[PDB]
$ cat run-v4.txt   # compact mmCIF, C-alpha atoms
# COMPACT_ATOMS: atom_id res chain seq x y z
CA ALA A 1 10.15 33.11 20.79
CA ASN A 2 6.56 33.55 22.00
CA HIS A 3 3.49 32.75 19.91
CA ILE A 4 0.98 33.66 22.63
CA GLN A 5 -2.02 35.56 21.35
CA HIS A 6 -3.37 38.73 22.89
CA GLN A 7 -6.58 37.11 24.17
CA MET A 8 -4.73 34.23 25.79
CA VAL A 9 -2.43 36.66 27.62
CA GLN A 10 -5.46 38.53 28.95
CA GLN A 11 -7.02 35.28 30.17
CA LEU A 12 -3.90 33.95 31.87
CA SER A 13 -3.22 37.35 33.44
CA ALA A 14 -6.77 37.48 34.77
CA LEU A 15 -6.50 33.92 36.09
CA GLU A 16 -3.29 34.72 37.92
CA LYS A 17 -4.89 37.77 39.55
CA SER A 18 -8.05 35.90 40.58
CA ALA A 19 -5.93 33.22 42.23
CA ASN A 20 -3.62 35.59 44.13
CA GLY A 21 -0.36 34.04 43.02
CA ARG A 22 2.32 33.82 40.36
CA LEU A 23 1.43 31.67 37.36
CA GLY A 24 3.81 30.32 34.72
CA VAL A 25 2.46 28.64 31.58
CA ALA A 26 4.11 27.30 28.45
CA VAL A 27 2.47 25.39 25.62
CA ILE A 28 4.20 23.79 22.66
CA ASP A 29 2.25 22.78 19.56
CA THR A 30 4.53 20.01 18.28
CA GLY A 31 2.83 20.09 14.89
CA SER A 32 3.91 23.65 14.11
CA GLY A 33 6.72 23.97 16.63
CA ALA A 34 5.04 27.07 18.05
CA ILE A 35 5.54 27.88 21.72
CA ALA A 36 3.32 30.28 23.67
CA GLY A 37 3.42 31.38 27.27
CA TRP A 38 2.86 33.56 30.31
CA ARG A 39 5.84 34.26 32.61
CA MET A 40 7.45 31.35 30.80
CA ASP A 41 11.02 32.56 31.40
CA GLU A 42 10.77 33.16 35.16
CA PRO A 43 12.17 30.63 37.62
CA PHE A 44 9.59 28.58 39.49
CA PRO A 45 10.18 25.91 42.17
CA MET A 46 9.82 22.57 40.38
CA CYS A 47 8.91 20.46 43.41
CA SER A 48 8.06 16.92 42.27
CA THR A 49 7.97 17.86 38.58
CA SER A 50 11.78 17.49 38.89
CA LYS A 51 11.23 13.70 39.20
CA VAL A 52 10.75 13.50 35.42
CA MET A 53 14.30 14.79 34.73
CA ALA A 54 15.71 12.38 37.32
CA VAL A 55 13.94 9.30 35.91
CA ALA A 56 14.95 10.39 32.40
CA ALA A 57 18.62 10.64 33.48
CA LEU A 58 18.36 7.10 34.80
CA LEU A 59 16.69 5.87 31.60
CA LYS A 60 19.51 7.45 29.56
CA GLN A 61 22.00 5.44 31.63
CA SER A 62 20.01 2.26 30.97
CA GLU A 63 20.58 2.66 27.23
CA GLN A 64 24.09 1.30 27.66
CA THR A 65 23.12 -1.22 30.35
CA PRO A 66 19.52 -2.46 29.77
CA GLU A 67 19.57 -4.80 32.80
CA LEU A 68 20.10 -1.68 34.95
CA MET A 69 16.37 -1.18 35.31
CA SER A 70 15.70 -4.73 36.50
CA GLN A 71 18.47 -5.06 39.11
CA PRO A 72 17.28 -5.37 42.74
CA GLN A 73 17.82 -2.33 44.95
CA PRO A 74 17.53 -2.87 48.70
CA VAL A 75 15.27 -0.42 50.50
CA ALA A 76 15.69 0.26 54.21
CA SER A 77 13.74 2.18 56.84
CA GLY A 78 16.59 4.71 56.74
CA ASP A 79 15.73 5.46 53.10
CA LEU A 80 12.22 6.58 54.04
CA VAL A 81 11.49 10.29 54.24
CA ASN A 82 8.23 12.25 54.54
CA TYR A 83 6.10 10.52 51.89
CA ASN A 84 6.78 6.93 50.89
CA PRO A 85 3.49 5.41 49.63
CA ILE A 86 5.13 2.57 47.69
CA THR A 87 8.62 2.22 49.17
CA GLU A 88 7.39 1.88 52.76
CA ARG A 89 5.94 -1.50 51.67
CA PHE A 90 9.39 -2.80 50.68
CA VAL A 91 11.44 -2.09 53.80
CA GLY A 92 13.87 -4.96 54.31
CA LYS A 93 13.19 -6.02 50.73
CA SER A 94 14.25 -4.83 47.27
CA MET A 95 12.72 -2.90 44.38
CA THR A 96 13.98 -2.64 40.80
CA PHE A 97 14.73 0.78 39.29
CA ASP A 98 11.70 0.18 37.05
CA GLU A 99 9.57 -0.14 40.20
CA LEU A 100 11.26 2.88 41.80
CA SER A 101 10.69 4.96 38.65
CA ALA A 102 6.99 3.99 38.45
CA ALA A 103 6.59 4.73 42.16
CA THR A 104 8.20 8.15 42.02
CA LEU A 105 6.43 9.22 38.82
CA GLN A 106 2.97 7.75 39.38
CA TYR A 107 2.64 8.22 43.17
CA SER A 108 5.32 10.91 43.77
CA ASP A 109 7.16 8.59 46.17
CA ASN A 110 9.94 10.67 47.74
CA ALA A 111 12.08 7.81 49.05
CA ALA A 112 12.07 6.37 45.53
CA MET A 113 13.31 9.71 44.18
CA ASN A 114 16.17 9.74 46.69
CA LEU A 115 17.15 6.18 45.75
CA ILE A 116 17.25 7.20 42.09
CA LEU A 117 19.29 10.29 42.95
CA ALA A 118 21.75 8.06 44.83
CA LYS A 119 22.23 5.85 41.76
CA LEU A 120 22.81 8.87 39.49
CA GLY A 121 25.29 10.67 41.73
CA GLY A 122 22.93 13.25 43.21
CA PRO A 123 21.03 16.42 42.24
CA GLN A 124 24.15 17.82 40.55
CA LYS A 125 24.17 14.89 38.10
CA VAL A 126 20.47 15.32 37.28
CA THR A 127 21.37 18.93 36.52
CA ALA A 128 24.24 17.80 34.28
CA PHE A 129 21.80 15.51 32.44
CA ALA A 130 19.44 18.47 31.88
CA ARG A 131 22.35 20.42 30.35
CA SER A 132 23.09 17.42 28.13
CA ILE A 133 19.64 17.75 26.53
CA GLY A 134 19.94 21.49 26.04
CA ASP A 135 18.21 22.69 29.19
CA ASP A 136 20.21 25.54 30.73
CA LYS A 137 17.57 26.66 33.25
CA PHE A 138 16.92 23.42 35.15
CA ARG A 139 18.79 23.18 38.45
CA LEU A 140 18.32 20.50 41.07
CA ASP A 141 20.19 21.47 44.21
CA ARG A 142 18.67 19.33 46.93
CA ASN A 143 17.08 15.95 47.46
CA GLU A 144 13.72 15.10 49.06
CA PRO A 145 12.07 16.63 50.91
CA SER A 146 14.03 19.90 51.25
CA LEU A 147 13.84 20.63 47.50
CA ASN A 148 10.24 21.75 48.14
CA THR A 149 10.85 24.83 50.29
CA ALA A 150 9.85 26.96 47.27
CA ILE A 151 10.91 30.32 48.75
CA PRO A 152 10.30 33.42 46.60
CA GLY A 153 13.61 34.68 45.19
CA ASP A 154 15.40 31.39 45.90
CA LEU A 155 16.94 29.91 42.73
CA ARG A 156 17.42 26.43 44.18
CA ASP A 157 15.46 23.58 42.62
CA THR A 158 13.91 25.76 39.92
CA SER A 159 13.28 25.78 36.22
CA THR A 160 11.23 27.91 33.83
CA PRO A 161 8.01 26.89 32.10
CA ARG A 162 9.69 27.30 28.70
CA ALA A 163 12.73 25.19 29.59
CA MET A 164 10.66 22.42 31.20
CA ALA A 165 8.25 22.30 28.25
CA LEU A 166 11.14 22.01 25.78
CA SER A 167 12.79 19.32 27.89
CA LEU A 168 9.58 17.31 28.33
CA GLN A 169 9.12 17.44 24.55
CA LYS A 170 12.63 16.15 23.91
CA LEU A 171 12.30 13.37 26.49
CA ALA A 172 8.77 12.07 25.93
CA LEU A 173 8.30 12.81 22.22
CA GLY A 174 11.70 13.64 20.75
CA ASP A 175 14.99 11.80 20.53
CA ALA A 176 16.77 12.71 23.77
CA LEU A 177 16.21 9.10 24.88
CA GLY A 178 16.30 5.80 23.02
CA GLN A 179 12.98 4.42 21.73
CA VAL A 180 12.48 1.84 24.50
CA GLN A 181 13.30 4.46 27.12
CA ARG A 182 11.05 7.17 25.65
CA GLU A 183 8.12 4.77 25.51
CA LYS A 184 8.76 3.70 29.12
CA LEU A 185 8.73 7.31 30.27
CA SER A 186 5.64 8.21 28.26
CA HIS A 187 3.69 5.24 29.61
CA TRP A 188 4.71 6.05 33.20
CA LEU A 189 3.49 9.62 32.70
CA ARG A 190 0.20 8.37 31.20
CA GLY A 191 -0.28 6.20 34.30
CA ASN A 192 0.13 9.06 36.78
CA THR A 193 -2.38 8.76 39.64
CA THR A 194 -2.02 12.25 41.17
CA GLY A 195 -3.11 14.44 38.26
CA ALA A 196 -6.91 14.17 38.00
CA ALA A 197 -7.58 17.67 39.38
CA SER A 198 -4.77 19.47 37.54
CA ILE A 199 -4.05 19.78 33.79
CA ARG A 200 -6.19 16.70 33.00
CA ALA A 201 -9.28 18.32 34.51
CA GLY A 202 -9.09 21.16 31.98
CA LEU A 203 -8.70 19.04 28.83
CA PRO A 204 -11.22 17.11 26.71
CA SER A 205 -11.83 13.80 28.48
CA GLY A 206 -11.20 11.77 25.31
CA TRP A 207 -7.59 12.93 25.00
CA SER A 208 -4.67 10.76 26.08
CA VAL A 209 -2.56 12.61 28.68
CA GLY A 210 0.66 11.93 30.56
CA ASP A 211 1.65 14.23 33.40
CA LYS A 212 3.66 14.77 36.55
CA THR A 213 2.37 16.99 39.32
CA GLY A 214 4.32 18.93 41.91
CA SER A 215 3.40 20.42 45.25
CA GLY A 216 5.40 22.35 47.82
CA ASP A 217 5.56 25.19 50.30
CA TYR A 218 4.24 28.65 49.35
CA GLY A 219 1.19 26.76 48.07
CA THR A 220 3.23 25.70 45.07
CA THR A 221 1.01 23.74 42.69
CA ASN A 222 2.58 22.41 39.49
CA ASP A 223 1.90 20.08 36.57
CA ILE A 224 3.74 19.24 33.38
CA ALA A 225 2.02 17.24 30.69
CA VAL A 226 2.24 15.65 27.28
CA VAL A 227 -1.12 15.68 25.54
CA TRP A 228 -2.29 13.63 22.56
CA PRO A 229 -5.34 15.43 21.13
CA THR A 230 -7.73 13.44 18.95
CA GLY A 231 -6.41 13.36 15.38
CA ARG A 232 -3.93 16.15 16.10
CA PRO A 233 -0.16 16.37 16.79
CA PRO A 234 0.70 16.30 20.50
CA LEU A 235 0.93 19.29 22.81
CA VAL A 236 3.27 19.88 25.68
CA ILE A 237 1.83 21.94 28.53
CA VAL A 238 3.55 23.27 31.65
CA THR A 239 1.57 24.99 34.39
CA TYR A 240 3.51 26.27 37.40
CA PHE A 241 1.83 28.20 40.23
CA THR A 242 3.16 29.55 43.50
CA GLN A 243 1.66 31.83 46.14
CA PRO A 244 2.75 34.67 48.40
CA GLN A 245 2.68 32.94 51.82
CA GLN A 246 4.61 29.88 52.98
CA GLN A 247 1.55 28.15 54.42
CA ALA A 248 -0.73 28.75 51.41
CA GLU A 249 -3.00 25.88 50.39
CA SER A 250 -2.65 24.17 47.01
CA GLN A 251 -4.74 25.45 44.11
CA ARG A 252 -5.00 22.61 41.61
CA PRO A 253 -8.08 24.18 39.93
CA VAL A 254 -5.82 27.04 38.77
CA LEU A 255 -3.86 24.53 36.71
CA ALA A 256 -7.04 22.98 35.30
CA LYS A 257 -8.23 26.43 34.31
CA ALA A 258 -4.89 27.34 32.74
CA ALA A 259 -5.01 24.07 30.77
CA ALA A 260 -8.56 24.83 29.61
CA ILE A 261 -7.48 28.28 28.47
CA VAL A 262 -4.58 26.75 26.55
CA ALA A 263 -6.66 23.87 25.16
CA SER A 264 -9.33 26.22 23.81
CA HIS A 265 -6.78 28.19 21.78
CA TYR A 266 -5.40 25.04 20.11
CA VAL A 267 -8.28 22.61 19.54

$ encode --input "run-v4.txt" --output "structure tokens"
Amino acid sequence: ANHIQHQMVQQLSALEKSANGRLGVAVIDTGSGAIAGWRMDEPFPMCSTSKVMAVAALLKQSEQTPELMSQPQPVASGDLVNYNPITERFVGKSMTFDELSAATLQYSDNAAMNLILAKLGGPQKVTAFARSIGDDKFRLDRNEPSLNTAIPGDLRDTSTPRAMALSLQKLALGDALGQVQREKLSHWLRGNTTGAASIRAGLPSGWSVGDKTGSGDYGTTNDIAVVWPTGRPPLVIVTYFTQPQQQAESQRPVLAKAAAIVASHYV
């Protein structure tokens, strides 16, 4: 199903061309249930937007063992990879899975992601969790940092804008998780620190927003968001963007613009 209007298609098509890349956009109006998109069924490299599915899988596990999220987890220098803004401070010490989840979602800490993957049983178990909530497109093949290679034509570590939007809805707004867990996830997303230039920049400043960004090779520039418009049912917005050359620079303003285009057609 696709509820995208003619004008919106024209705008997103034009945006994609101006930016010299491949843009994937999905928006769900949770009030009506309507979904609208551009390239929303093509695979895109998820990069760090995959951290949401991993933290959600862990939260699901915590439903049957609430103390899971407060148990100390040792972190070692050997756990560190290419970007460890929070975890590098805890070498030789321990962090709870709550702390690791906040770190990976709000700062995109890659060592934290790998520690969470270890607890879950790896990328293949995050993929099995995605299937368990009805997502048949999500696939996590690798851990950090190799999951970010983002090569055109490569199916590893991809999802589609439609599938990720539907999953984010189920996890942050719907009933895929227990109440305590859903609220945890939603508050972590709302506290993201890396999203100011992406979807958030294109939305009305008064709106409450939770998001997770992603960034990778081929100038891959991603964001997935839950949006609480003023006096209106929430929206779910996915903006995926990737570029023709491996060394391409990020283009966060493309995501802001895509969000603005979407926002205008719904507010």

$ atom_distance --input "run-v4.txt" --atom1 "CA of residue 267 (chain A)" --atom2 "CA of residue 21 (chain A)"
27.3 Å

$ residues_around --input "run-v4.txt" --residues "region 169-175 of chain A" --least-positions-apart "5" --cutoff "8 Å" --atoms "only C-alpha atoms" --output "list in words"
residues 56, 133, 182, 183, 185, 186, 226 and 236 of chain A

$ residues_near_point --input "run-v4.txt" --point "(5.7, 29.9, 47.9)" --cutoff "8 Å" --atoms "only C-alpha atoms" --output "PyMOL selection string"
chain A and resi 149-152+216-220+242-248

$ closest_residue --input "run-v4.txt" --among "A:103, A:120, A:112, A:164" --to "residue 43 (chain A)" --atoms "all atoms listed in the file"
A:164

$ residues_around --input "run-v4.txt" --residues "residue 254 (chain A)" --least-positions-apart "5" --cutoff "8 Å" --atoms "all atoms listed in the file" --output "PyMOL selection string"
chain A and resi 15+19+198+241

$ residues_around --input "run-v4.txt" --residues "residue 263 (chain A)" --least-positions-apart "4" --cutoff "9 Å" --atoms "only C-alpha atoms" --output "list in words"
residues 202, 203, 204, 258, 259 and 267 of chain A

$ write_last_selection --input "run-v4.txt" --atoms "C-alpha atoms" --output "short mmCIF file (atom, residue, chain, number, x, y, z; two decimals), in the frame of the given file"
data_model
loop_
_atom_site.label_atom_id
_atom_site.label_comp_id
_atom_site.auth_asym_id
_atom_site.auth_seq_id
_atom_site.Cartn_x
_atom_site.Cartn_y
_atom_site.Cartn_z
CA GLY A 202 -9.09 21.16 31.98
CA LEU A 203 -8.70 19.04 28.83
CA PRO A 204 -11.22 17.11 26.71
CA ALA A 258 -4.89 27.34 32.74
CA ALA A 259 -5.01 24.07 30.77
CA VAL A 267 -8.28 22.61 19.54
#

$ residues_around --input "run-v4.txt" --residues "residue 82 (chain A)" --least-positions-apart "3" --cutoff "9 Å" --atoms "all atoms listed in the file" --output "list in words"
residues 110, 111, 144 and 145 of chain A

$ write_last_selection --input "run-v4.txt" --atoms "C-alpha atoms" --output "PDB file, in the frame of the given file"
ATOM      1  CA  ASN A 110       9.940  10.670  47.740  1.00  0.00           C
ATOM      2  CA  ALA A 111      12.080   7.810  49.050  1.00  0.00           C
ATOM      3  CA  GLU A 144      13.720  15.100  49.060  1.00  0.00           C
ATOM      4  CA  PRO A 145      12.070  16.630  50.910  1.00  0.00           C
TER       5      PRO A 145
END

$ residues_near_point --input "run-v4.txt" --point "(-2.9, 34.5, 30.9)" --cutoff "9 Å" --atoms "only C-alpha atoms" --output "MDAnalysis selection string"
chainID A and resid 7:16 23:25 37:39 258 261

$ closest_residue --input "run-v4.txt" --among "A:52, A:124, A:60, A:83" --to "residue 101 (chain A)" --atoms "all atoms listed in the file"
A:52

$ closest_residue --input "run-v4.txt" --among "A:92, A:250, A:64, A:75" --to "residue 20 (chain A)" --atoms "only C-alpha atoms"
A:250

$ atom_distance --input "run-v4.txt" --atom1 "CA of residue 80 (chain A)" --atom2 "CA of residue 123 (chain A)"
17.7 Å

$ residues_around --input "run-v4.txt" --residues "residue 211 (chain A)" --least-positions-apart "3" --cutoff "10 Å" --atoms "all atoms listed in the file" --output "VMD selection string"
chain A and resid 49 52 105 to 106 168 186 to 196 198 to 200 223 to 227 236 to 238

$ atom_distance --input "run-v4.txt" --atom1 "CA of residue 232 (chain A)" --atom2 "CA of residue 137 (chain A)"
29.4 Å
